[PDB]
$ cat upload-v3.csv   # CSV, C-alpha atoms and all ligand atoms
chain,number,residue,atom,x,y,z
Q,51,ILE,CA,7.4,-30.2,49.4
Q,52,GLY,CA,3.6,-29.8,48.8
Q,53,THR,CA,1.4,-31.1,46.0
Q,54,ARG,CA,1.5,-30.4,42.2
Q,55,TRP,CA,-1.9,-29.2,40.8
Q,56,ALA,CA,-3.0,-28.3,37.3
Q,57,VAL,CA,-6.0,-26.8,35.6
Q,58,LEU,CA,-6.3,-27.8,31.9
Q,59,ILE,CA,-8.8,-25.9,29.8
Q,60,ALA,CA,-9.7,-25.9,26.1
Q,61,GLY,CA,-11.9,-22.8,25.7
Q,62,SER,CA,-13.6,-23.9,22.4
Q,63,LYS,CA,-16.1,-26.3,20.9
Q,64,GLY,CA,-16.9,-27.8,17.5
Q,65,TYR,CA,-15.1,-30.5,15.5
Q,66,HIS,CA,-13.1,-27.9,13.6
Q,67,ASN,CA,-11.4,-26.9,16.9
Q,68,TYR,CA,-10.2,-30.5,17.3
Q,69,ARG,CA,-6.6,-29.1,18.1
Q,70,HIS,CA,-7.5,-27.3,21.3
Q,71,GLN,CA,-8.9,-30.5,23.0
Q,72,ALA,CA,-6.0,-32.5,21.5
Q,73,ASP,CA,-3.4,-30.0,23.0
Q,74,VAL,CA,-5.0,-30.2,26.5
Q,75,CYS,CA,-5.3,-34.0,26.3
Q,76,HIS,CA,-1.6,-34.1,25.4
Q,77,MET,CA,-0.7,-31.9,28.5
Q,78,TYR,CA,-2.7,-34.4,30.7
Q,79,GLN,CA,-0.5,-37.3,29.5
Q,80,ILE,CA,2.6,-35.3,30.4
Q,81,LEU,CA,1.3,-34.7,33.9
Q,82,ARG,CA,0.2,-38.3,34.4
Q,83,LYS,CA,3.6,-39.7,33.4
Q,84,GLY,CA,5.2,-37.1,35.7
Q,85,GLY,CA,3.4,-38.4,38.8
Q,86,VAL,CA,0.8,-35.7,39.0
Q,87,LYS,CA,-2.4,-37.2,40.5
Q,88,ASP,CA,-5.9,-37.1,38.9
Q,89,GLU,CA,-7.4,-35.6,42.0
Q,90,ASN,CA,-5.2,-32.6,41.5
Q,91,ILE,CA,-5.7,-32.2,37.7
Q,92,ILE,CA,-8.9,-30.2,36.8
Q,93,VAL,CA,-9.9,-30.8,33.2
Q,94,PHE,CA,-12.2,-28.6,31.1
Q,95,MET,CA,-12.9,-29.9,27.6
Q,96,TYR,CA,-16.1,-29.8,25.6
Q,97,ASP,CA,-15.8,-33.5,24.7
Q,98,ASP,CA,-17.3,-33.4,21.3
Q,99,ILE,CA,-14.2,-34.7,19.5
Q,100,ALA,CA,-13.6,-38.3,20.4
Q,101,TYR,CA,-17.0,-39.7,19.4
Q,102,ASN,CA,-17.8,-37.0,16.8
Q,103,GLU,CA,-19.5,-38.2,13.6
Q,104,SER,CA,-16.7,-36.7,11.6
Q,105,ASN,CA,-14.0,-38.4,13.7
Q,106,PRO,CA,-12.4,-41.0,11.4
Q,107,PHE,CA,-11.0,-42.8,14.5
Q,108,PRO,CA,-13.8,-43.0,17.2
Q,109,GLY,CA,-12.5,-42.9,20.8
Q,110,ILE,CA,-9.1,-41.6,19.6
Q,111,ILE,CA,-7.6,-38.1,19.6
Q,112,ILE,CA,-4.0,-37.4,18.4
Q,113,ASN,CA,-2.0,-34.2,18.7
Q,114,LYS,CA,0.6,-35.2,16.1
Q,115,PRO,CA,0.6,-37.3,12.8
Q,116,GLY,CA,1.4,-40.8,13.9
Q,117,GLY,CA,0.9,-39.8,17.6
Q,118,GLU,CA,-0.5,-41.8,20.5
Q,119,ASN,CA,-4.2,-41.6,21.6
Q,120,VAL,CA,-4.0,-38.6,24.0
Q,121,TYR,CA,-7.7,-39.1,24.9
Q,122,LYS,CA,-7.3,-42.3,26.9
Q,123,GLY,CA,-7.5,-41.9,30.7
Q,124,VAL,CA,-8.1,-38.1,30.6
Q,125,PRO,CA,-10.5,-37.1,33.5
Q,126,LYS,CA,-13.3,-34.8,32.5
Q,127,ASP,CA,-14.3,-32.4,35.3
Q,128,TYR,CA,-16.2,-29.9,33.2
Q,129,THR,CA,-17.6,-30.7,29.8
Q,130,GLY,CA,-20.2,-29.1,27.4
Q,131,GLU,CA,-21.6,-25.8,28.7
Q,132,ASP,CA,-20.1,-26.4,32.2
Q,133,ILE,CA,-17.0,-24.8,30.7
Q,134,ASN,CA,-17.8,-21.1,31.4
Q,135,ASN,CA,-16.2,-18.1,33.2
Q,136,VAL,CA,-18.0,-19.0,36.5
Q,137,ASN,CA,-16.7,-22.5,36.8
Q,138,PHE,CA,-13.2,-21.7,35.5
Q,139,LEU,CA,-12.7,-18.9,37.9
Q,140,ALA,CA,-14.3,-20.7,40.8
Q,141,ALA,CA,-12.1,-23.7,40.1
Q,142,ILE,CA,-9.0,-21.5,40.2
Q,143,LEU,CA,-10.1,-19.8,43.4
Q,144,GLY,CA,-11.0,-23.2,45.0
Q,145,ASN,CA,-14.6,-22.1,45.8
Q,146,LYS,CA,-16.5,-25.3,45.6
Q,147,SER,CA,-19.8,-23.7,46.5
Q,148,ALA,CA,-19.6,-21.4,43.4
Q,149,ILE,CA,-19.4,-24.4,41.0
Q,150,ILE,CA,-22.5,-25.1,38.8
Q,151,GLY,CA,-22.4,-28.6,37.2
Q,152,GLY,CA,-19.4,-30.8,36.5
Q,153,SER,CA,-17.5,-32.8,39.1
Q,154,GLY,CA,-17.0,-30.1,41.7
Q,155,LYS,CA,-13.2,-30.5,41.5
Q,156,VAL,CA,-11.4,-27.2,42.3
Q,157,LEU,CA,-8.0,-25.9,43.4
Q,158,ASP,CA,-8.2,-26.7,47.2
Q,159,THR,CA,-4.6,-25.8,47.5
Q,160,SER,CA,-2.2,-25.3,50.5
Q,161,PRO,CA,0.6,-22.7,50.9
Q,162,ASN,CA,3.4,-25.0,49.7
Q,163,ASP,CA,1.6,-26.3,46.6
Q,164,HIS,CA,2.5,-25.7,42.9
Q,165,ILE,CA,-0.1,-24.8,40.3
Q,166,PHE,CA,0.2,-25.2,36.6
Q,167,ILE,CA,-2.5,-23.7,34.4
Q,168,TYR,CA,-2.8,-24.5,30.7
Q,169,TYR,CA,-5.4,-22.7,28.5
Q,170,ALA,CA,-5.8,-23.5,24.8
Q,172,UNK,CA,-8.3,-21.9,22.3
Q,173,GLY,CA,-8.4,-15.2,21.6
Q,174,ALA,CA,-8.7,-11.5,20.7
Q,175,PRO,CA,-7.2,-8.3,22.3
Q,176,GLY,CA,-8.2,-8.4,26.0
Q,177,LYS,CA,-10.1,-11.7,25.9
Q,178,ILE,CA,-10.0,-15.4,25.5
Q,179,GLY,CA,-12.8,-17.7,24.4
Q,180,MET,CA,-15.2,-19.9,26.2
Q,181,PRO,CA,-17.4,-22.4,24.2
Q,182,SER,CA,-20.2,-19.9,24.4
Q,183,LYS,CA,-20.4,-16.2,25.2
Q,184,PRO,CA,-19.7,-14.6,27.6
Q,185,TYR,CA,-15.9,-14.8,26.9
Q,186,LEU,CA,-13.2,-14.2,29.5
Q,187,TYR,CA,-11.9,-10.7,29.8
Q,188,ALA,CA,-8.4,-9.9,31.0
Q,189,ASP,CA,-9.5,-7.9,34.0
Q,190,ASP,CA,-11.9,-10.7,35.1
Q,191,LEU,CA,-9.1,-13.3,34.9
Q,192,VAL,CA,-6.5,-11.2,36.6
Q,193,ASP,CA,-8.8,-10.2,39.4
Q,194,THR,CA,-9.4,-13.9,40.2
Q,195,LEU,CA,-5.6,-14.4,40.1
Q,196,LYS,CA,-5.2,-11.5,42.5
Q,197,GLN,CA,-7.8,-12.9,44.9
Q,198,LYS,CA,-6.1,-16.3,44.9
Q,199,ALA,CA,-2.8,-14.7,45.7
Q,200,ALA,CA,-4.4,-12.8,48.6
Q,201,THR,CA,-5.4,-16.2,50.0
Q,202,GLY,CA,-1.8,-17.3,50.1
Q,203,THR,CA,-2.9,-20.9,49.3
Q,204,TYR,CA,-0.1,-21.7,46.8
Q,205,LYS,CA,3.7,-21.3,46.7
Q,206,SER,CA,3.9,-20.5,43.0
Q,207,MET,CA,1.9,-20.7,39.8
Q,208,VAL,CA,2.8,-21.1,36.1
Q,209,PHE,CA,0.2,-20.1,33.5
Q,210,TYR,CA,0.6,-21.1,29.8
Q,211,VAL,CA,-1.8,-19.5,27.3
Q,212,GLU,CA,-2.3,-20.7,23.7
Q,213,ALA,CA,-4.5,-18.1,22.1
Q,214,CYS,CA,-4.5,-15.2,19.6
Q,215,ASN,CA,-3.2,-12.0,21.1
Q,216,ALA,CA,-2.4,-14.0,24.3
Q,217,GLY,CA,0.0,-11.5,25.8
Q,218,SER,CA,-3.0,-9.1,26.0
Q,219,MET,CA,-4.4,-11.1,28.9
Q,220,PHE,CA,-1.5,-10.2,31.1
Q,221,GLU,CA,0.3,-7.2,29.6
Q,222,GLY,CA,0.5,-4.4,32.3
Q,223,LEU,CA,-2.0,-6.2,34.5
Q,224,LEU,CA,-0.4,-9.3,36.0
Q,225,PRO,CA,1.4,-8.3,39.3
Q,226,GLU,CA,5.1,-9.3,39.4
Q,227,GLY,CA,5.5,-10.2,43.1
Q,228,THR,CA,2.7,-12.8,43.8
Q,229,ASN,CA,4.6,-15.8,42.5
Q,230,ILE,CA,2.7,-16.0,39.2
Q,231,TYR,CA,4.6,-16.5,36.0
Q,232,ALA,CA,2.8,-16.4,32.6
Q,233,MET,CA,4.0,-17.5,29.2
Q,234,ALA,CA,1.9,-16.7,26.1
Q,235,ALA,CA,2.0,-18.2,22.5
Q,236,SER,CA,1.9,-14.7,21.1
Q,237,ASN,CA,2.3,-11.0,22.0
Q,238,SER,CA,-0.8,-8.8,22.5
Q,239,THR,CA,-0.7,-7.8,18.8
Q,240,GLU,CA,-0.2,-11.2,17.1
Q,241,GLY,CA,-2.3,-14.1,16.1
Q,242,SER,CA,-1.0,-17.6,16.9
Q,243,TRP,CA,-0.4,-20.3,14.3
Q,244,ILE,CA,-2.0,-23.6,13.8
Q,245,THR,CA,0.0,-26.6,12.7
Q,246,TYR,CA,-0.3,-30.3,11.6
Q,247,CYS,CA,-2.8,-29.4,8.9
Q,248,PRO,CA,-4.1,-31.7,6.0
Q,249,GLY,CA,-1.3,-32.0,3.4
Q,250,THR,CA,1.7,-32.3,5.7
Q,251,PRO,CA,3.6,-35.6,5.2
Q,252,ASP,CA,2.5,-38.8,7.0
Q,253,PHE,CA,-0.9,-37.1,7.8
Q,254,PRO,CA,-3.5,-39.8,8.6
Q,255,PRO,CA,-6.3,-40.2,6.0
Q,256,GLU,CA,-9.8,-38.7,6.2
Q,257,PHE,CA,-8.8,-35.9,8.6
Q,258,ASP,CA,-9.9,-32.5,7.4
Q,259,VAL,CA,-8.8,-30.7,10.6
Q,260,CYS,CA,-5.5,-29.5,12.0
Q,261,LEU,CA,-4.2,-31.7,14.9
Q,262,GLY,CA,-2.4,-29.0,17.0
Q,263,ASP,CA,-1.3,-25.4,17.6
Q,264,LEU,CA,2.3,-24.5,16.8
Q,265,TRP,CA,3.3,-23.1,20.1
Q,266,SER,CA,1.5,-25.8,22.0
Q,267,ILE,CA,2.9,-28.8,20.2
Q,268,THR,CA,6.4,-27.2,20.4
Q,269,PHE,CA,6.4,-26.9,24.2
Q,270,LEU,CA,4.4,-30.2,24.7
Q,271,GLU,CA,6.9,-32.2,22.5
Q,272,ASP,CA,9.7,-30.5,24.4
Q,273,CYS,CA,8.2,-31.7,27.7
Q,274,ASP,CA,8.1,-35.3,26.3
Q,275,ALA,CA,11.7,-35.2,25.3
Q,276,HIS,CA,13.8,-34.5,28.4
Q,277,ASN,CA,14.3,-35.2,32.1
Q,278,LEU,CA,12.3,-32.2,33.4
Q,279,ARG,CA,14.5,-31.8,36.4
Q,280,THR,CA,17.2,-30.7,34.0
Q,281,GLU,CA,15.2,-28.1,32.1
Q,282,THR,CA,13.8,-24.9,33.7
Q,283,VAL,CA,10.7,-23.0,32.7
Q,284,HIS,CA,13.1,-20.2,31.5
Q,285,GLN,CA,15.0,-22.6,29.3
Q,286,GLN,CA,11.8,-23.8,27.7
Q,287,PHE,CA,10.8,-20.1,27.1
Q,288,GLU,CA,14.0,-19.4,25.3
Q,289,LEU,CA,14.0,-22.7,23.4
Q,290,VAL,CA,10.4,-22.4,22.2
Q,291,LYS,CA,10.6,-18.6,21.6
Q,292,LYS,CA,13.6,-19.1,19.2
Q,293,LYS,CA,12.0,-22.2,17.6
Q,294,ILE,CA,8.8,-20.4,16.4
Q,295,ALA,CA,10.1,-16.8,16.1
Q,296,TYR,CA,9.1,-16.9,12.4
Q,297,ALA,CA,5.5,-17.5,13.5
Q,298,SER,CA,4.8,-15.4,16.6
Q,299,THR,CA,6.6,-13.8,19.5
Q,300,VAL,CA,6.5,-16.0,22.6
Q,301,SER,CA,5.9,-13.6,25.5
Q,302,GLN,CA,6.3,-13.8,29.3
Q,303,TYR,CA,4.7,-11.8,32.2
Q,304,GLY,CA,4.4,-11.8,36.0
Q,305,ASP,CA,7.1,-13.0,38.4
Q,306,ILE,CA,9.9,-13.8,36.0
Q,307,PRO,CA,12.2,-15.4,38.7
Q,308,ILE,CA,9.6,-18.2,39.1
Q,309,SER,CA,10.7,-19.5,35.7
Q,310,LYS,CA,14.0,-20.4,37.3
Q,311,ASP,CA,12.3,-23.5,38.7
Q,312,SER,CA,12.8,-26.8,36.8
Q,313,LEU,CA,9.7,-27.8,34.8
Q,314,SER,CA,9.5,-30.9,37.1
Q,315,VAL,CA,8.5,-28.6,39.9
Q,316,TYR,CA,5.2,-28.2,38.0
Q,317,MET,CA,4.9,-31.2,35.8
Q,318,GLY,CA,7.1,-33.9,37.4
Q,319,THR,CA,9.2,-36.0,35.0
Q,320,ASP,CA,8.7,-39.3,33.1
Q,321,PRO,CA,11.1,-41.9,34.7
Q,322,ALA,CA,11.7,-43.3,31.2
Q,323,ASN,CA,13.5,-40.0,30.3
Q,324,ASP,CA,15.9,-40.0,33.3
Q,325,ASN,CA,19.1,-40.0,31.2
Q,326,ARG,CA,17.8,-37.4,28.7
Q,327,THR,CA,19.6,-34.4,30.1
Q,328,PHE,CA,18.5,-31.1,28.6
Q,329,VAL,CA,21.1,-29.5,26.4
Q,330,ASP,CA,21.6,-25.7,25.9
Q,331,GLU,CA,19.8,-22.9,27.8
A,1,LIG,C1,-19.5,-33.0,16.1
A,1,LIG,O1,-19.1,-31.8,15.7
A,1,LIG,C2,-20.2,-31.0,15.1
A,1,LIG,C3,-19.6,-29.8,14.4
A,1,LIG,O2,-18.8,-29.0,15.3
A,1,LIG,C4,-21.2,-30.7,16.2
A,1,LIG,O3,-22.3,-30.1,15.6
A,1,LIG,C5,-22.9,-29.0,16.1
A,1,LIG,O4,-23.8,-29.4,17.2
A,1,LIG,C6,-24.1,-28.3,18.1
A,1,LIG,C7,-24.9,-28.8,19.2
A,1,LIG,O5,-25.9,-29.8,18.7
A,1,LIG,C8,-24.9,-27.3,17.2
A,1,LIG,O6,-25.4,-26.1,18.0
A,1,LIG,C9,-26.8,-25.8,18.2
A,1,LIG,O7,-27.3,-25.1,19.5
A,1,LIG,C10,-27.5,-23.7,19.5
A,1,LIG,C11,-28.2,-23.2,20.7
A,1,LIG,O8,-27.4,-23.2,21.9
A,1,LIG,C12,-28.2,-23.3,18.1
A,1,LIG,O9,-28.5,-21.9,18.1
A,1,LIG,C13,-27.3,-23.8,17.0
A,1,LIG,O10,-27.7,-23.2,15.7
A,1,LIG,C14,-27.4,-25.3,16.9
A,1,LIG,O11,-28.8,-25.7,16.8
A,1,LIG,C15,-24.1,-26.8,16.0
A,1,LIG,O12,-24.9,-26.1,15.2
A,1,LIG,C16,-23.6,-28.0,15.2
A,1,LIG,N1,-22.6,-27.4,14.3
A,1,LIG,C17,-22.5,-27.9,13.0
A,1,LIG,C18,-21.5,-27.2,12.1
A,1,LIG,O13,-23.3,-28.8,12.6
A,1,LIG,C19,-21.7,-32.1,16.8
A,1,LIG,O14,-22.5,-31.8,17.9
A,1,LIG,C20,-20.6,-32.9,17.2
A,1,LIG,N2,-21.0,-34.2,17.5
A,1,LIG,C21,-20.8,-34.8,18.7
A,1,LIG,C22,-21.2,-36.2,18.9
A,1,LIG,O15,-20.3,-34.2,19.6
A,2,LIG,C1,-17.9,-18.6,46.9
A,2,LIG,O1,-19.1,-18.6,46.2
A,2,LIG,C2,-20.3,-18.2,47.0
A,2,LIG,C3,-21.6,-18.5,46.2
A,2,LIG,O2,-21.8,-17.6,45.1
A,2,LIG,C4,-20.2,-16.8,47.6
A,2,LIG,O3,-21.3,-16.3,48.4
A,2,LIG,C5,-18.8,-16.7,48.4
A,2,LIG,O4,-18.6,-15.4,49.0
A,2,LIG,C6,-17.7,-17.2,47.5
A,2,LIG,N1,-16.4,-17.1,48.2
A,2,LIG,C7,-15.4,-16.1,48.0
A,2,LIG,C8,-14.7,-15.7,49.2
A,2,LIG,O5,-15.3,-15.6,46.9
A,3,LIG,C1,5.7,-7.2,21.8
A,3,LIG,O1,6.9,-7.7,22.3
A,3,LIG,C2,8.1,-6.8,22.1
A,3,LIG,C3,9.3,-7.4,22.8
A,3,LIG,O2,9.7,-6.7,24.0
A,3,LIG,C4,7.7,-5.4,22.5
A,3,LIG,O3,8.7,-4.5,22.0
A,3,LIG,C5,6.4,-4.9,21.9
A,3,LIG,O4,6.1,-3.6,22.5
A,3,LIG,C6,5.2,-5.8,22.1
A,3,LIG,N1,4.1,-5.6,21.2
A,3,LIG,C7,4.1,-4.6,20.2
A,3,LIG,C8,4.6,-4.8,18.8
A,3,LIG,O5,3.6,-3.5,20.5

$ encode --input "upload-v3.csv" --output "structure tokens" --more "lines below"
Ligand SMILES: *[C@@H]1O[C@H](CO)[C@@H](O[C@@H]2O[C@H](CO)[C@@H](O[C@H]3O[C@H](CO)[C@@H](O)[C@H](O)[C@@H]3O)[C@H](O)[C@H]2NC(C)=O)[C@H](O)[C@H]1NC(C)=O
Ligand SMILES: *[C@@H]1O[C@H](CO)[C@@H](O)[C@H](O)[C@H]1NC(C)=O
Ligand SMILES: *[C@@H]1O[C@H](CO)[C@@H](O)[C@H](O)[C@H]1NC(C)=O
Amino acid sequence: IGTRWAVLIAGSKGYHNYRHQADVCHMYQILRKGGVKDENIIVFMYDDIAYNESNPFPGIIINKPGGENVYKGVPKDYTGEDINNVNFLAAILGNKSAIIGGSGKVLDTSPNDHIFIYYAXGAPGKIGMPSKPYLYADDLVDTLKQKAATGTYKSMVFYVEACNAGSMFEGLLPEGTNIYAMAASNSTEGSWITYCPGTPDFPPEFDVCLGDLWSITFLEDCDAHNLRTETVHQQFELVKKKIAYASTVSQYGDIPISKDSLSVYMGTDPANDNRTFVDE
């Protein structure tokens, strides 16, 4: 059966980028409710949001108007400038001796384990880190190839919320190493923000957007169903159709991996056992 692991990373800093840390915190809450263990969830977030001077609700982060506090109970493995290419790629590879700073948590995975990666915070051929240097497609894909060569996982799902997201994988990500990638946008498109000041029932004294369109769409989907009854492929189709007006949700890698239920990666919340997913 193996263990479920996750790496959650917001690649930005600054209060204006509230939404990236909010999205990642939200994802944490999904995993926790699903039975995924903290020792197997590696979290990269700058940690300048919850107690920011501009934060009208100190100690709270929401990913939705009227939402719960997604910040409570979120482990922090790498914060501040310990979020960088070196530590991110070392964490994925599971190379503890290459980590500088932070907790030292890495993907020490076994052949039957499942890996879920979620990145939020892009341009053609690169995604952001809090500070330069940024993460280039080739560098990311090479780490993913090395990890595959180690054979230390069964399959991996990688979700990317970024501008031109598909550019990180397009024509690079191998299709037979059990890695499936879903991107908020194609290699030529920007991705949309949502939950901005002005929207109805928006909490007062917020001047920042709470989430990213593709992110909150998938994340709210994960909160809504028994995840044994919904596959990665069904979420792809659901979310792609739902936000087609905004950007083209794109997929890469080993497409058959997406035939697994979401629960294989995320578990399921027992409270949603009777909420069977409808459609495909
Ligand atoms: C709350 O959010 C604030 C805005 O995002 C954030 O302020 C920013 O603070 C950082 C770090 O203190 C500043 O960065 C500095 O460091 C580099 C060198 O590495 C300098 O070259 C920079 O010019 C600067 O001195 C940002 O300048 C600053 N940004 C703004 C717009 O003020 C606060 O730090 C956050 N507060 C908490 C509690 O996290
Ligand atoms: C892990 O990191 C160390 C320190 O930089 C390096 O010497 C070692 O070869 C790395 N392991 C692999 C196999 O990438
Ligand atoms: C974006 O995705 C579509 C769907 O297959 C594809 O035709 C296109 O080549 C990709 N990007 C563009 C507009 O070049």

$ closest_residue --input "upload-v3.csv" --among "Q:316, Q:128, Q:121, Q:138" --to "residue 210 (chain Q)" --atoms "all atoms listed in the file"
Q:316

$ residues_around --input "upload-v3.csv" --residues "residue 227 (chain Q)" --least-positions-apart "5" --cutoff "12 Å" --atoms "all atoms listed in the file" --output "ChimeraX atom specification"
/Q:196,199-200,205-207,303-308

$ residues_near_point --input "upload-v3.csv" --point "(13.2, -31.1, 33.1)" --cutoff "12 Å" --atoms "all atoms listed in the file" --output "VMD selection string"
chain Q and resid 80 84 269 272 to 286 310 to 321 323 to 329 331

$ write_last_selection --input "upload-v3.csv" --atoms "C-alpha atoms" --output "PDB file, keeping the file's coordinate frame"
ATOM      1  CA  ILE Q  80       2.600 -35.300  30.400  1.00  0.00           C
ATOM      2  CA  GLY Q  84       5.200 -37.100  35.700  1.00  0.00           C
ATOM      3  CA  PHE Q 269       6.400 -26.900  24.200  1.00  0.00           C
ATOM      4  CA  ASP Q 272       9.700 -30.500  24.400  1.00  0.00           C
ATOM      5  CA  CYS Q 273       8.200 -31.700  27.700  1.00  0.00           C
ATOM      6  CA  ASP Q 274       8.100 -35.300  26.300  1.00  0.00           C
ATOM      7  CA  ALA Q 275      11.700 -35.200  25.300  1.00  0.00           C
ATOM      8  CA  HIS Q 276      13.800 -34.500  28.400  1.00  0.00           C
ATOM      9  CA  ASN Q 277      14.300 -35.200  32.100  1.00  0.00           C
ATOM     10  CA  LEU Q 278      12.300 -32.200  33.400  1.00  0.00           C
ATOM     11  CA  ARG Q 279      14.500 -31.800  36.400  1.00  0.00           C
ATOM     12  CA  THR Q 280      17.200 -30.700  34.000  1.00  0.00           C
ATOM     13  CA  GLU Q 281      15.200 -28.100  32.100  1.00  0.00           C
ATOM     14  CA  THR Q 282      13.800 -24.900  33.700  1.00  0.00           C
ATOM     15  CA  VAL Q 283      10.700 -23.000  32.700  1.00  0.00           C
ATOM     16  CA  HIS Q 284      13.100 -20.200  31.500  1.00  0.00           C
ATOM     17  CA  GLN Q 285      15.000 -22.600  29.300  1.00  0.00           C
ATOM     18  CA  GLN Q 286      11.800 -23.800  27.700  1.00  0.00           C
ATOM     19  CA  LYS Q 310      14.000 -20.400  37.300  1.00  0.00           C
ATOM     20  CA  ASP Q 311      12.300 -23.500  38.700  1.00  0.00           C
ATOM     21  CA  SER Q 312      12.800 -26.800  36.800  1.00  0.00           C
ATOM     22  CA  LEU Q 313       9.700 -27.800  34.800  1.00  0.00           C
ATOM     23  CA  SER Q 314       9.500 -30.900  37.100  1.00  0.00           C
ATOM     24  CA  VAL Q 315       8.500 -28.600  39.900  1.00  0.00           C
ATOM     25  CA  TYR Q 316       5.200 -28.200  38.000  1.00  0.00           C
ATOM     26  CA  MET Q 317       4.900 -31.200  35.800  1.00  0.00           C
ATOM     27  CA  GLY Q 318       7.100 -33.900  37.400  1.00  0.00           C
ATOM     28  CA  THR Q 319       9.200 -36.000  35.000  1.00  0.00           C
ATOM     29  CA  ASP Q 320       8.700 -39.300  33.100  1.00  0.00           C
ATOM     30  CA  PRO Q 321      11.100 -41.900  34.700  1.00  0.00           C
ATOM     31  CA  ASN Q 323      13.500 -40.000  30.300  1.00  0.00           C
ATOM     32  CA  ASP Q 324      15.900 -40.000  33.300  1.00  0.00           C
ATOM     33  CA  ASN Q 325      19.100 -40.000  31.200  1.00  0.00           C
ATOM     34  CA  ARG Q 326      17.800 -37.400  28.700  1.00  0.00           C
ATOM     35  CA  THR Q 327      19.600 -34.400  30.100  1.00  0.00           C
ATOM     36  CA  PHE Q 328      18.500 -31.100  28.600  1.00  0.00           C
ATOM     37  CA  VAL Q 329      21.100 -29.500  26.400  1.00  0.00           C
ATOM     38  CA  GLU Q 331      19.800 -22.900  27.800  1.00  0.00           C
TER      39      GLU Q 331
END

$ residues_near_ligand --input "upload-v3.csv" --ligand "ligand LIG 1 (chain A)" --cutoff "12 Å" --atoms "only C-alpha atoms and all ligand atoms" --output "NGL selection string"
:Q and (62-68 or 95-106 or 108-109 or 129-131 or 181-183 or 259)

$ residues_near_ligand --input "upload-v3.csv" --ligand "ligand LIG 2 (chain A)" --cutoff "6 Å" --atoms "only C-alpha atoms and all ligand atoms" --output "PyMOL selection string"
chain Q and resi 145+147-148

$ closest_residue --input "upload-v3.csv" --among "Q:243, Q:248, Q:271, Q:59" --to "residue 295 (chain Q)" --atoms "all atoms listed in the file"
Q:243
